[PDB]
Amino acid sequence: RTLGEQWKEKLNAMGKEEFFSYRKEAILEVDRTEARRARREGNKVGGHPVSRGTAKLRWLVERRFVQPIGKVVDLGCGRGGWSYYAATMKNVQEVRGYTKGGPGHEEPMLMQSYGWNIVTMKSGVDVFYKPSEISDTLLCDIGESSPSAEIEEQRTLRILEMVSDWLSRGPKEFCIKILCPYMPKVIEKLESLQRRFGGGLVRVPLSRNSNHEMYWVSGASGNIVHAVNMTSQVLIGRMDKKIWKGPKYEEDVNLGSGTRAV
């Protein structure tokens, strides 16, 4: 069994005290106090992202791992961190988000960030049963953690099934969350999908150590197995610390406000 599987079982044997110290050890982090402490203040235009997801997408975009353009489809948009971030970019003509919403899942929040006007987010949409549509940029950030690697594997495999349908419609810019990249069956489907659609897997340092999520991005390249093992080793390397030095903090993105005519 793989290093990720070993990391996983090791993650689950930890106590609560250690788990909480561990999951944010040496990771990158944005302070959300400002964001959340400007909900009741009734401010749609302070540039405060709706989620931590925006900073994740920025990290990738900044490094040219994906370059949003044209019609953007955002699968499992949730609150809209990714959809609104895309909306601020000048090559983006349209942003269409879909999320399931409902009990125990995020709905699309209203915001008035820069270019919010080209954003349409529909809740009550299970993407597993949404016919695909042509897009230029396909974003997908779906994947529910579970203590069981096997469940995350089945969940990942299921997501990789439908993503493939949307990718077959032409989008050359893409960014797909891979919940459990370290299980063998997942590696096998990913090699096949890479063979066909290109791209690579990238670890975003804003991800917590309690998860192994990697992003399949059009702007990346290289050997998946190796990329995945490198991430597993880093995650294991952060275990068993005597002194927990905590995370390193980053200023959140400023998404501004107003509209744009495209």
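We call the rigid core the largest set of C-alpha positions that still match within 1.5 Å between the two forms. When you see a residue number, it is the position in the sequence shown, counting from 1.
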Superposing the other structures by the rigid core, the farther-displaced stretch by RMS over CA atoms in 5 other deposited structures of this protein, of 58-66 and 29-37, is 29-37
Is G200 without coordinates in at least a third of the other compared PDB entries of this protein that model the residues flanking it?
no
Third-or-more of other entries without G42:
yes
For 38-46 versus 224-232, entry-based mean Cα B-factors point to 38-46
According to the deposited model, is the average Cα temperature factor higher in 200-208 or in 29-37?
29-37
Residue with highest C-alpha B-factor in the PDB entry, from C180, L160, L75, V119:
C180
Please work out which residue in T137, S132, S83, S123 has the highest C-alpha B-factor recorded for this crystal structure.
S123
Which third of the chain does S218 land in by C-alpha B-factor: lowest, middle or highest?
lowest
Ranking the modelled residues of this chain by C-alpha B-factor as given in the entry, is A55 in the lowest, middle or highest third?
middle
Looking at the entry's B-factor column for C-alpha atoms only, identify whether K185 ranks in the lowest, middle or highest third of its chain.
highest
Record-listed C-alpha B factor of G115: chain third:
lowest
Third of the chain's Cα B-factor distribution that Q93 belongs to, per the entry
highest
